[PDB]
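Trainee: This is the structure I want to talk about, given as structure tokens.
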Amino acid sequence: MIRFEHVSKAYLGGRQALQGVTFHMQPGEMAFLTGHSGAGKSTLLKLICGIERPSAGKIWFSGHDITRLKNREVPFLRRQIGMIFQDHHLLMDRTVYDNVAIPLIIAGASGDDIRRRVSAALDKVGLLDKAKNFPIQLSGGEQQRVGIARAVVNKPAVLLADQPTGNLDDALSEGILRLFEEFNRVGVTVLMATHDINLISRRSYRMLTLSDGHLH
Amino acid sequence: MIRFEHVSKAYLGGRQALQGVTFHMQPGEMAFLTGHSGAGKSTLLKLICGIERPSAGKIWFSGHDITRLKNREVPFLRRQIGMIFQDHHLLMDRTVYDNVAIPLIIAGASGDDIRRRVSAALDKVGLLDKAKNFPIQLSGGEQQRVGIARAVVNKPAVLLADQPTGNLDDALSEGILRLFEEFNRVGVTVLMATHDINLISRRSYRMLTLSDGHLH
Amino acid sequence: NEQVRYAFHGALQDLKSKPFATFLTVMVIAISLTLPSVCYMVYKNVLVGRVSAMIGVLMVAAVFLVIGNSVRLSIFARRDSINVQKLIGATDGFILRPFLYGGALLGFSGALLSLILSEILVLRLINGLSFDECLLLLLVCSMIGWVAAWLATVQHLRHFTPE
Amino acid sequence: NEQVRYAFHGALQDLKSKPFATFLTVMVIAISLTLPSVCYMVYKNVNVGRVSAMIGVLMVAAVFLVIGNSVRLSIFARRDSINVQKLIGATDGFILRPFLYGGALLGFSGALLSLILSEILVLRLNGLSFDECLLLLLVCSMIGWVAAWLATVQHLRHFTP
Ligand SMILES: Nc1ncnc2c1ncn2[C@@H]1O[C@H](COP(=O)(O)OP(=O)(O)OP(=O)(O)O)[C@@H](O)[C@H]1O
Ligand SMILES: Nc1ncnc2c1ncn2[C@@H]1O[C@H](COP(=O)(O)OP(=O)(O)OP(=O)(O)O)[C@@H](O)[C@H]1O
């Protein structure tokens, strides 16, 4: 699914977030991405999504070279990916229901199907009672769970999590990790960027460590 | 300093975030605030700062009843407190230096004093080489540390930190805790809401647990 | 057809959310549109016209800029929602349709209020605009709003790109 | 005296950050003010009673509306920075000064540009004097000041407990 070949990324200003990152993740595989602050983890996750473009190397997604994707096929790439952001990127002017249902509206689903799937996704993260509220009327952990539910509603092929357990206690973090494992049991690829060792020490997964934009 | 007497908080719609919380903190004391997601921690911290108004009970800050403060006295209360937010509440259109220096400008300090104090504060959180950058050009942990530096630059009487360790790894979390202890060594009160059981396990401080708006 | 109704409700939900800002926006368009209409009708009912032919173009130029400015600043306050939808994987047209309709109804509402103002002025102190003239004014204002909304939304669109 | 410069610098930074948006904001106010200028010029040189009084108020009613609306939306775009500065402990007067100076400048540039446009029309085909120019500039600046004050005050009553 995911391949990096000598991937480098330099922003406008000379601050190199990455330097020669190369790895490979087979379909349905799960892994952890770790590092210090400023390491370059979110830059890697964004380079996967096509939000940013690498300064060098090649990125392959599902066997298709997305190094130089045109602006017209980017949404078709981003539709197969369920992305959880670090600032949660919500729509503050729409309800929780509309926020979670917008991927299905973009997809073109039916009303009954949308209702059923949004109810199920909200029930997974324990936010079924909070479907009519606006994101202002929620907590930080609740808003993060709204973003998670929005991510896991359209049955993606690849999951990209950008520290999805911050603002969540140990019980909720373990529950969210169990939800991601449940999704991975059916062939979904997961890449979870985080820096809490307590959660990742009790499960043996592939390890990706980032230090000043270098992969080990 | 901080005193709660039978405080209650109910939002618009009937959601009670707190119920009968009462405690007291002596000057220069350091403590932790914990709970599950949605417990009511940020509501408590906001009630201390005067951002929210209690639905019942009384709140005392430095011996002055602030449960019914007039709008003309709120800035004089909030100048004495260094608050760290969960969203980091930065000004995206100003540089890091201006963001850190704005409390001094509001206070009315001279140019050279501003230069010296802001440079020292940015060196405390390890962001001195990023004083000219904009918050868009910063990572999540760096933006959180910018908020921290803005908080600890004006030599406050009380520190209200709300999880200032999310987006920061274990080493940086330890450094931030040591910085807060360094500030508490001169008589600064610290009340820190956190989700990190490992961080609070290795040091013995007062423990305040919140469950569905109830204090233990 | 299914997505047209979703976009139409999206435009009204914004306009209803901030009624004062919308009403103040429309009230500017009605005032800027009611002057050319009185000047046209007083000339129609009644060599100096060639000396005002270069000034008649001045009043009509204001309405192009007022509506264009009005829609531009509305989309700017919502430039965050454009970024969020692009991240999810929405196409360019999907984002565009809510904004095109809101600009069109903004110009249409101003032109409709403009006609009401012109009639009141006539009743104070001659015949007013005909039905065809009213329809033409409404259509032209709607097209102006549509074009302005398209321009502003496309300008904000080529900002959240990987480049 | 120490905060006037800081308020003034912030006012220019907001306008200079988006030159394309600010200039178009300036350009509409210039067009609206040109109409009273030429109409007053013609009436001054030539010279019904109740056939221009209702017209005269119509153009002057526009400049209040065009200036007020332009300041209304510019402040709405930056209403987040009002909340952040209010949390730190800034007073109402501290926040109000940068917005007041932006309102007065916005009208001043628009009135100055309309003076140039009216001068071009006279050259293209006797006009306003220096006193009239100064009066128009002062009136537009006063309107911009009041518009900025109203918008920022209404935004301050929103971010309150
Ligand atoms: N918009 C930007 N422009 C330029 N440099 C940026 C930008 N955003 C981040 N950076 C820089 O790129 C590098 C990597 O940042 P990134 O956020 O990817 O790291 P990270 O390790 O995921 O951070 P964190 O652990 O704090 O979430 C850092 O030097 C960071 O300051
Ligand atoms: N603006 C708001 N309006 C109404 N209810 C709110 C608002 N913000 C939070 N709440 C509710 O108040 C309660 C306490 O939320 P609060 O964010 O204070 O808790 P918390 O324990 O600090 O959260 P977290 O652990 O997720 O950071 C919850 O029921 C929450 O949904």
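Here, A, B, ... name the chains of the structure tokens in the order displayed, residue numbers run from 1 inside each chain, and ligands are numbered from 1 in the same displayed order.
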Rotate and translate chain B onto chain A via least squares on all in-order Cα pairs, then write the result as a PDB file with C-alpha atoms, in the first residue's frame.
Mentor:
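To be explicit, this is the file written out as out.pdb:
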```
ATOM      1  CA  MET B   1      -0.016   0.103   0.081  1.00  0.00           C
ATOM      2  CA  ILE B   2       2.314   2.758   1.518  1.00  0.00           C
ATOM      3  CA  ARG B   3       5.840   3.037   0.096  1.00  0.00           C
ATOM      4  CA  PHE B   4       8.516   5.714   0.557  1.00  0.00           C
ATOM      5  CA  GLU B   5      11.710   5.910  -1.524  1.00  0.00           C
ATOM      6  CA  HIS B   6      14.338   8.440  -0.385  1.00  0.00           C
ATOM      7  CA  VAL B   7      11.665  11.006   0.466  1.00  0.00           C
ATOM      8  CA  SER B   8      12.725  14.466   1.643  1.00  0.00           C
ATOM      9  CA  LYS B   9      10.699  17.470   2.778  1.00  0.00           C
ATOM     10  CA  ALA B  10      12.037  21.010   3.196  1.00  0.00           C
ATOM     11  CA  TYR B  11       9.728  23.892   4.067  1.00  0.00           C
ATOM     12  CA  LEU B  12       9.982  27.471   2.807  1.00  0.00           C
ATOM     13  CA  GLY B  13      12.937  28.988   4.641  1.00  0.00           C
ATOM     14  CA  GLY B  14      15.282  26.011   4.736  1.00  0.00           C
ATOM     15  CA  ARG B  15      13.784  23.994   7.618  1.00  0.00           C
ATOM     16  CA  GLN B  16      14.074  20.320   6.656  1.00  0.00           C
ATOM     17  CA  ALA B  17      11.338  18.309   8.376  1.00  0.00           C
ATOM     18  CA  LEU B  18      12.407  15.006   6.777  1.00  0.00           C
ATOM     19  CA  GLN B  19      15.600  13.651   5.221  1.00  0.00           C
ATOM     20  CA  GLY B  20      15.936  10.352   3.361  1.00  0.00           C
ATOM     21  CA  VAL B  21      12.946   8.546   4.863  1.00  0.00           C
ATOM     22  CA  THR B  22      12.249   5.171   3.245  1.00  0.00           C
ATOM     23  CA  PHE B  23       9.923   2.389   4.396  1.00  0.00           C
ATOM     24  CA  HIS B  24       7.037   0.226   3.215  1.00  0.00           C
ATOM     25  CA  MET B  25       3.766  -1.033   4.706  1.00  0.00           C
ATOM     26  CA  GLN B  26       1.842  -4.046   3.414  1.00  0.00           C
ATOM     27  CA  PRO B  27      -1.970  -3.924   3.189  1.00  0.00           C
ATOM     28  CA  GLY B  28      -3.738  -4.470   6.485  1.00  0.00           C
ATOM     29  CA  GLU B  29      -0.574  -3.825   8.521  1.00  0.00           C
ATOM     30  CA  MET B  30      -0.622  -1.809  11.747  1.00  0.00           C
ATOM     31  CA  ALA B  31       2.296   0.228  13.086  1.00  0.00           C
ATOM     32  CA  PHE B  32       3.313   3.128  15.328  1.00  0.00           C
ATOM     33  CA  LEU B  33       5.159   6.378  14.601  1.00  0.00           C
ATOM     34  CA  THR B  34       7.085   8.049  17.423  1.00  0.00           C
ATOM     35  CA  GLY B  35       9.634  10.767  18.051  1.00  0.00           C
ATOM     36  CA  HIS B  36      10.364  13.942  19.938  1.00  0.00           C
ATOM     37  CA  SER B  37       8.422  17.165  19.483  1.00  0.00           C
ATOM     38  CA  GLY B  38       9.283  18.601  16.088  1.00  0.00           C
ATOM     39  CA  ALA B  39      10.541  15.254  14.772  1.00  0.00           C
ATOM     40  CA  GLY B  40       8.484  15.335  11.573  1.00  0.00           C
ATOM     41  CA  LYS B  41       5.554  12.998  12.189  1.00  0.00           C
ATOM     42  CA  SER B  42       2.641  15.144  11.008  1.00  0.00           C
ATOM     43  CA  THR B  43       4.712  16.083   7.959  1.00  0.00           C
ATOM     44  CA  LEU B  44       5.001  12.376   7.108  1.00  0.00           C
ATOM     45  CA  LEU B  45       1.269  11.820   7.597  1.00  0.00           C
ATOM     46  CA  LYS B  46       0.440  14.862   5.456  1.00  0.00           C
ATOM     47  CA  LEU B  47       2.808  13.577   2.767  1.00  0.00           C
ATOM     48  CA  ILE B  48       0.794  10.354   2.703  1.00  0.00           C
ATOM     49  CA  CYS B  49      -2.534  12.212   2.313  1.00  0.00           C
ATOM     50  CA  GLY B  50      -1.185  14.476  -0.435  1.00  0.00           C
ATOM     51  CA  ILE B  51      -1.598  17.655   1.628  1.00  0.00           C
ATOM     52  CA  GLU B  52       2.131  18.357   1.258  1.00  0.00           C
ATOM     53  CA  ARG B  53       4.383  17.619  -1.695  1.00  0.00           C
ATOM     54  CA  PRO B  54       7.790  15.973  -1.170  1.00  0.00           C
ATOM     55  CA  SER B  55      10.864  17.976  -2.080  1.00  0.00           C
ATOM     56  CA  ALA B  56      12.591  14.785  -3.274  1.00  0.00           C
ATOM     57  CA  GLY B  57      11.946  11.079  -3.640  1.00  0.00           C
ATOM     58  CA  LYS B  58       8.768   9.254  -4.588  1.00  0.00           C
ATOM     59  CA  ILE B  59       5.642   8.159  -2.711  1.00  0.00           C
ATOM     60  CA  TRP B  60       3.410   5.235  -3.700  1.00  0.00           C
ATOM     61  CA  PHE B  61      -0.130   4.800  -2.362  1.00  0.00           C
ATOM     62  CA  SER B  62      -1.869   1.550  -3.356  1.00  0.00           C
ATOM     63  CA  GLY B  63       0.682   1.105  -6.141  1.00  0.00           C
ATOM     64  CA  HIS B  64      -0.032   4.464  -7.814  1.00  0.00           C
ATOM     65  CA  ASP B  65       2.680   7.124  -7.832  1.00  0.00           C
ATOM     66  CA  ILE B  66       1.154  10.108  -6.022  1.00  0.00           C
ATOM     67  CA  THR B  67       4.299  12.259  -5.817  1.00  0.00           C
ATOM     68  CA  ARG B  68       3.006  14.511  -8.632  1.00  0.00           C
ATOM     69  CA  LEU B  69      -0.781  14.194  -8.464  1.00  0.00           C
ATOM     70  CA  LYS B  70      -2.879  16.673 -10.409  1.00  0.00           C
ATOM     71  CA  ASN B  71      -5.312  18.855  -8.482  1.00  0.00           C
ATOM     72  CA  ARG B  72      -8.239  17.078 -10.176  1.00  0.00           C
ATOM     73  CA  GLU B  73      -7.259  13.692  -8.680  1.00  0.00           C
ATOM     74  CA  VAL B  74      -6.521  14.777  -5.090  1.00  0.00           C
ATOM     75  CA  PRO B  75     -10.136  14.292  -3.868  1.00  0.00           C
ATOM     76  CA  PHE B  76     -10.171  10.765  -5.295  1.00  0.00           C
ATOM     77  CA  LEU B  77      -7.054   9.981  -3.259  1.00  0.00           C
ATOM     78  CA  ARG B  78      -8.354  11.609  -0.077  1.00  0.00           C
ATOM     79  CA  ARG B  79     -11.706   9.793  -0.210  1.00  0.00           C
ATOM     80  CA  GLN B  80      -9.909   6.466   0.378  1.00  0.00           C
ATOM     81  CA  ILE B  81      -8.188   7.656   3.583  1.00  0.00           C
ATOM     82  CA  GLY B  82      -9.597   8.305   7.022  1.00  0.00           C
ATOM     83  CA  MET B  83      -7.435  11.051   8.517  1.00  0.00           C
ATOM     84  CA  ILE B  84      -7.465  12.284  12.117  1.00  0.00           C
ATOM     85  CA  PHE B  85      -5.846  15.677  12.670  1.00  0.00           C
ATOM     86  CA  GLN B  86      -4.118  17.207  15.688  1.00  0.00           C
ATOM     87  CA  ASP B  87      -6.402  20.276  15.620  1.00  0.00           C
ATOM     88  CA  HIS B  88      -9.507  18.088  14.965  1.00  0.00           C
ATOM     89  CA  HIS B  89     -10.472  20.469  12.108  1.00  0.00           C
ATOM     90  CA  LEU B  90     -14.221  20.546  12.818  1.00  0.00           C
ATOM     91  CA  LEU B  91     -16.894  22.761  11.279  1.00  0.00           C
ATOM     92  CA  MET B  92     -17.949  24.897  14.237  1.00  0.00           C
ATOM     93  CA  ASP B  93     -21.190  26.079  12.584  1.00  0.00           C
ATOM     94  CA  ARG B  94     -22.686  22.600  12.048  1.00  0.00           C
ATOM     95  CA  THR B  95     -23.927  19.977  14.481  1.00  0.00           C
ATOM     96  CA  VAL B  96     -21.981  16.844  15.406  1.00  0.00           C
ATOM     97  CA  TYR B  97     -24.272  14.767  13.184  1.00  0.00           C
ATOM     98  CA  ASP B  98     -23.551  16.912  10.117  1.00  0.00           C
ATOM     99  CA  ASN B  99     -19.804  16.843  10.816  1.00  0.00           C
ATOM    100  CA  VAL B 100     -19.796  13.043  10.991  1.00  0.00           C
ATOM    101  CA  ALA B 101     -22.146  12.640   8.011  1.00  0.00           C
ATOM    102  CA  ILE B 102     -20.397  14.989   5.552  1.00  0.00           C
ATOM    103  CA  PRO B 103     -18.088  12.266   4.105  1.00  0.00           C
ATOM    104  CA  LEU B 104     -21.180  10.196   3.284  1.00  0.00           C
ATOM    105  CA  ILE B 105     -22.882  13.209   1.687  1.00  0.00           C
ATOM    106  CA  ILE B 106     -19.765  13.862  -0.400  1.00  0.00           C
ATOM    107  CA  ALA B 107     -19.794  10.182  -1.374  1.00  0.00           C
ATOM    108  CA  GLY B 108     -23.474  10.442  -2.296  1.00  0.00           C
ATOM    109  CA  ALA B 109     -25.349   8.091   0.028  1.00  0.00           C
ATOM    110  CA  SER B 110     -29.082   7.904   0.713  1.00  0.00           C
ATOM    111  CA  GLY B 111     -30.824   9.388   3.730  1.00  0.00           C
ATOM    112  CA  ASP B 112     -31.582   6.160   5.591  1.00  0.00           C
ATOM    113  CA  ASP B 113     -28.090   4.775   4.994  1.00  0.00           C
ATOM    114  CA  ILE B 114     -26.685   8.052   6.331  1.00  0.00           C
ATOM    115  CA  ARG B 115     -28.886   7.803   9.428  1.00  0.00           C
ATOM    116  CA  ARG B 116     -27.878   4.218  10.193  1.00  0.00           C
ATOM    117  CA  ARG B 117     -24.154   4.559   9.499  1.00  0.00           C
ATOM    118  CA  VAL B 118     -23.740   7.858  11.348  1.00  0.00           C
ATOM    119  CA  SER B 119     -25.635   6.551  14.378  1.00  0.00           C
ATOM    120  CA  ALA B 120     -23.425   3.450  14.455  1.00  0.00           C
ATOM    121  CA  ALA B 121     -20.216   5.481  14.129  1.00  0.00           C
ATOM    122  CA  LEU B 122     -21.281   7.890  16.875  1.00  0.00           C
ATOM    123  CA  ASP B 123     -22.089   4.889  19.071  1.00  0.00           C
ATOM    124  CA  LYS B 124     -18.604   3.462  18.474  1.00  0.00           C
ATOM    125  CA  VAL B 125     -16.917   6.472  20.127  1.00  0.00           C
ATOM    126  CA  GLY B 126     -19.667   6.873  22.739  1.00  0.00           C
ATOM    127  CA  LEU B 127     -21.078  10.186  21.481  1.00  0.00           C
ATOM    128  CA  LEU B 128     -24.538   9.077  20.338  1.00  0.00           C
ATOM    129  CA  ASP B 129     -26.375  11.250  22.879  1.00  0.00           C
ATOM    130  CA  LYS B 130     -24.432  14.265  21.544  1.00  0.00           C
ATOM    131  CA  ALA B 131     -25.441  14.000  17.879  1.00  0.00           C
ATOM    132  CA  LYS B 132     -27.522  17.200  17.939  1.00  0.00           C
ATOM    133  CA  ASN B 133     -24.956  19.356  19.753  1.00  0.00           C
ATOM    134  CA  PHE B 134     -22.491  21.793  18.227  1.00  0.00           C
ATOM    135  CA  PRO B 135     -18.709  21.380  18.580  1.00  0.00           C
ATOM    136  CA  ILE B 136     -18.556  24.489  20.781  1.00  0.00           C
ATOM    137  CA  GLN B 137     -20.708  22.606  23.314  1.00  0.00           C
ATOM    138  CA  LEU B 138     -18.149  19.770  23.482  1.00  0.00           C
ATOM    139  CA  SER B 139     -14.998  19.224  25.516  1.00  0.00           C
ATOM    140  CA  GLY B 140     -11.597  18.665  23.928  1.00  0.00           C
ATOM    141  CA  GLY B 141     -11.729  14.890  24.243  1.00  0.00           C
ATOM    142  CA  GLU B 142     -15.262  14.810  22.856  1.00  0.00           C
ATOM    143  CA  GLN B 143     -14.227  16.969  19.887  1.00  0.00           C
ATOM    144  CA  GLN B 144     -11.300  14.633  19.234  1.00  0.00           C
ATOM    145  CA  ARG B 145     -13.675  11.666  19.328  1.00  0.00           C
ATOM    146  CA  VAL B 146     -15.999  13.484  16.905  1.00  0.00           C
ATOM    147  CA  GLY B 147     -13.061  13.745  14.520  1.00  0.00           C
ATOM    148  CA  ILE B 148     -12.360  10.038  15.035  1.00  0.00           C
ATOM    149  CA  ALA B 149     -15.985   9.119  14.287  1.00  0.00           C
ATOM    150  CA  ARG B 150     -15.894  11.268  11.153  1.00  0.00           C
ATOM    151  CA  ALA B 151     -12.762   9.347  10.156  1.00  0.00           C
ATOM    152  CA  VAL B 152     -14.085   5.809  10.726  1.00  0.00           C
ATOM    153  CA  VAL B 153     -17.561   6.226   9.184  1.00  0.00           C
ATOM    154  CA  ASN B 154     -16.743   5.822   5.469  1.00  0.00           C
ATOM    155  CA  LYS B 155     -14.968   2.393   5.763  1.00  0.00           C
ATOM    156  CA  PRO B 156     -11.512   3.579   4.639  1.00  0.00           C
ATOM    157  CA  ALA B 157      -8.631   1.688   3.052  1.00  0.00           C
ATOM    158  CA  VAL B 158      -5.962   3.410   5.183  1.00  0.00           C
ATOM    159  CA  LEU B 159      -6.227   5.046   8.607  1.00  0.00           C
ATOM    160  CA  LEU B 160      -3.889   7.966   9.345  1.00  0.00           C
ATOM    161  CA  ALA B 161      -4.276   8.865  13.018  1.00  0.00           C
ATOM    162  CA  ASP B 162      -2.114  11.639  14.457  1.00  0.00           C
ATOM    163  CA  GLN B 163      -2.095  11.245  18.273  1.00  0.00           C
ATOM    164  CA  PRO B 164      -5.821  10.487  18.662  1.00  0.00           C
ATOM    165  CA  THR B 165      -5.352   9.879  22.377  1.00  0.00           C
ATOM    166  CA  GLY B 166      -4.285  13.260  23.674  1.00  0.00           C
ATOM    167  CA  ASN B 167      -7.193  14.774  25.639  1.00  0.00           C
ATOM    168  CA  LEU B 168      -8.292  11.158  26.309  1.00  0.00           C
ATOM    169  CA  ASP B 169      -7.525   9.261  29.507  1.00  0.00           C
ATOM    170  CA  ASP B 170      -6.035   5.770  29.670  1.00  0.00           C
ATOM    171  CA  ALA B 171      -9.339   3.876  29.506  1.00  0.00           C
ATOM    172  CA  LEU B 172     -10.620   5.864  26.525  1.00  0.00           C
ATOM    173  CA  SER B 173      -7.210   5.595  24.856  1.00  0.00           C
ATOM    174  CA  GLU B 174      -7.391   1.816  25.245  1.00  0.00           C
ATOM    175  CA  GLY B 175     -10.907   1.792  23.806  1.00  0.00           C
ATOM    176  CA  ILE B 176      -9.840   3.854  20.795  1.00  0.00           C
ATOM    177  CA  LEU B 177      -6.886   1.529  20.195  1.00  0.00           C
ATOM    178  CA  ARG B 178      -9.200  -1.493  20.376  1.00  0.00           C
ATOM    179  CA  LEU B 179     -11.525   0.208  17.876  1.00  0.00           C
ATOM    180  CA  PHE B 180      -8.600   0.748  15.500  1.00  0.00           C
ATOM    181  CA  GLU B 181      -7.617  -2.905  15.917  1.00  0.00           C
ATOM    182  CA  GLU B 182     -11.208  -3.930  15.172  1.00  0.00           C
ATOM    183  CA  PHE B 183     -10.996  -1.943  11.941  1.00  0.00           C
ATOM    184  CA  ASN B 184      -7.584  -3.465  11.158  1.00  0.00           C
ATOM    185  CA  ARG B 185      -9.039  -6.962  11.613  1.00  0.00           C
ATOM    186  CA  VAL B 186     -10.804  -6.581   8.246  1.00  0.00           C
ATOM    187  CA  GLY B 187      -7.732  -5.451   6.295  1.00  0.00           C
ATOM    188  CA  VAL B 188      -7.487  -1.716   7.054  1.00  0.00           C
ATOM    189  CA  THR B 189      -3.961  -0.298   7.189  1.00  0.00           C
ATOM    190  CA  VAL B 190      -3.269   1.803  10.296  1.00  0.00           C
ATOM    191  CA  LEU B 191      -0.340   4.187  10.806  1.00  0.00           C
ATOM    192  CA  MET B 192      -0.667   5.970  14.150  1.00  0.00           C
ATOM    193  CA  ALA B 193       1.623   8.761  15.344  1.00  0.00           C
ATOM    194  CA  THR B 194       1.615   8.845  19.132  1.00  0.00           C
ATOM    195  CA  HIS B 195       3.383  10.219  22.209  1.00  0.00           C
ATOM    196  CA  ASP B 196       2.166   7.509  24.619  1.00  0.00           C
ATOM    197  CA  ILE B 197       4.948   5.096  25.555  1.00  0.00           C
ATOM    198  CA  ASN B 198       2.704   3.287  28.048  1.00  0.00           C
ATOM    199  CA  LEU B 199      -0.025   2.643  25.461  1.00  0.00           C
ATOM    200  CA  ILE B 200       2.356   1.128  22.896  1.00  0.00           C
ATOM    201  CA  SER B 201       4.291  -0.888  25.488  1.00  0.00           C
ATOM    202  CA  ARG B 202       1.547  -3.462  26.128  1.00  0.00           C
ATOM    203  CA  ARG B 203       1.078  -4.435  22.463  1.00  0.00           C
ATOM    204  CA  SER B 204       3.670  -5.627  19.946  1.00  0.00           C
ATOM    205  CA  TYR B 205       3.384  -3.795  16.617  1.00  0.00           C
ATOM    206  CA  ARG B 206       5.833  -2.380  14.104  1.00  0.00           C
ATOM    207  CA  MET B 207       7.798   0.576  15.464  1.00  0.00           C
ATOM    208  CA  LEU B 208       8.884   3.568  13.373  1.00  0.00           C
ATOM    209  CA  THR B 209      11.082   6.088  15.195  1.00  0.00           C
ATOM    210  CA  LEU B 210      11.813   9.576  13.857  1.00  0.00           C
ATOM    211  CA  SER B 211      14.611  11.854  15.093  1.00  0.00           C
ATOM    212  CA  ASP B 212      15.275  15.182  13.338  1.00  0.00           C
ATOM    213  CA  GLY B 213      13.669  13.860  10.162  1.00  0.00           C
ATOM    214  CA  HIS B 214      15.534  10.531  10.054  1.00  0.00           C
ATOM    215  CA  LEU B 215      13.867   7.108  10.098  1.00  0.00           C
ATOM    216  CA  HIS B 216      15.227   4.120  12.014  1.00  0.00           C
TER     217      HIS B 216
END
```
Trainee: Skip residue D:75 itself and residues of its chain fewer than 4 positions away, then list as a PyMOL selection string all residues within 9 Å of it, counting only C-alpha atoms.
Mentor: chain D and resi 70-71+79+99+148+151-152+155
Trainee: Could you write out the selected residues, including C-alpha atoms, as an mmCIF file, in the first residue's frame?
Mentor:
```
data_model
loop_
_atom_site.group_PDB
_atom_site.id
_atom_site.type_symbol
_atom_site.label_atom_id
_atom_site.label_comp_id
_atom_site.auth_asym_id
_atom_site.auth_seq_id
_atom_site.Cartn_x
_atom_site.Cartn_y
_atom_site.Cartn_z
ATOM 1 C CA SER D 70 -16.794 47.768 5.193
ATOM 2 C CA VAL D 71 -15.527 48.254 8.749
ATOM 3 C CA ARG D 79 -12.798 38.794 15.974
ATOM 4 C CA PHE D 99 -9.705 49.190 15.456
ATOM 5 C CA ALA D 148 -15.153 51.046 13.922
ATOM 6 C CA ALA D 151 -18.436 47.232 15.409
ATOM 7 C CA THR D 152 -15.739 46.631 18.028
ATOM 8 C CA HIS D 155 -17.926 42.387 19.355
#
```
Trainee: Smallest atom-to-atom distance to chain D: which of C:47, C:87, C:147, C:117, using only C-alpha atoms?
Mentor: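 Checking each of C:47, C:87, C:147, C:117 against chain D, counting only C-alpha atoms, the winner is C:117.
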Trainee: Compare C:3, C:155, C:17, C:69 by their minimum atom-to-atom distance to chain D, counting only C-alpha atoms, and give me the closest one.
Mentor: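 Of C:3, C:155, C:17, C:69, the one nearest chain D, counting only C-alpha atoms, is C:69.
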Trainee: Can you work out which residues from chain C touch chain A at a cut-off of 12 Å (counting only C-alpha atoms) and hand them back as JSON, numbers by chain?
Mentor: {"C": [1, 2, 3, 4, 5, 6, 7, 10, 13, 14, 17, 18, 77, 78, 79, 80, 81, 82, 83, 84, 85, 86, 87, 88, 89, 90, 91, 92, 93, 94, 95, 157, 158, 160, 161, 162, 163]}
Trainee: Go ahead and write the selection's residues with C-alpha atoms as a CSV table (one decimal), in the first residue's frame.
Mentor:
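Saved as selection_39.csv:
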```csv
chain,number,residue,atom,x,y,z
C,1,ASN,CA,-30.6,17.3,-8.1
C,2,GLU,CA,-30.0,15.6,-4.7
C,3,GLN,CA,-27.0,17.9,-4.0
C,4,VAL,CA,-28.8,21.0,-5.2
C,5,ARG,CA,-31.2,21.0,-2.3
C,6,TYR,CA,-28.4,20.4,0.2
C,7,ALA,CA,-26.5,23.5,-1.2
C,10,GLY,CA,-26.6,25.6,3.2
C,13,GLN,CA,-28.6,28.6,7.0
C,14,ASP,CA,-25.6,31.0,6.7
C,17,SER,CA,-27.3,32.7,11.2
C,18,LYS,CA,-26.3,36.4,11.0
C,77,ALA,CA,-14.9,34.7,7.2
C,78,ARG,CA,-15.7,31.1,6.1
C,79,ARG,CA,-12.3,30.4,4.5
C,80,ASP,CA,-11.7,27.8,7.2
C,81,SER,CA,-14.7,25.6,6.1
C,82,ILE,CA,-13.3,25.6,2.6
C,83,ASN,CA,-10.0,24.1,3.9
C,84,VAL,CA,-11.8,21.4,6.0
C,85,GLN,CA,-13.9,20.1,3.0
C,86,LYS,CA,-10.8,20.0,0.8
C,87,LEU,CA,-9.1,17.9,3.4
C,88,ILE,CA,-12.0,15.4,3.5
C,89,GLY,CA,-11.8,15.0,-0.3
C,90,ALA,CA,-14.5,17.1,-1.7
C,91,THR,CA,-14.4,18.2,-5.3
C,92,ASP,CA,-14.2,21.8,-6.4
C,93,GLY,CA,-17.8,22.1,-7.6
C,94,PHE,CA,-19.2,20.6,-4.4
C,95,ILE,CA,-17.6,23.4,-2.3
C,157,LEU,CA,-9.7,27.9,-3.6
C,158,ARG,CA,-6.2,28.2,-5.2
C,160,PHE,CA,-5.3,25.5,0.1
C,161,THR,CA,-3.3,23.6,-2.5
C,162,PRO,CA,-0.2,21.4,-2.1
C,163,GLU,CA,1.6,23.5,-4.8
```
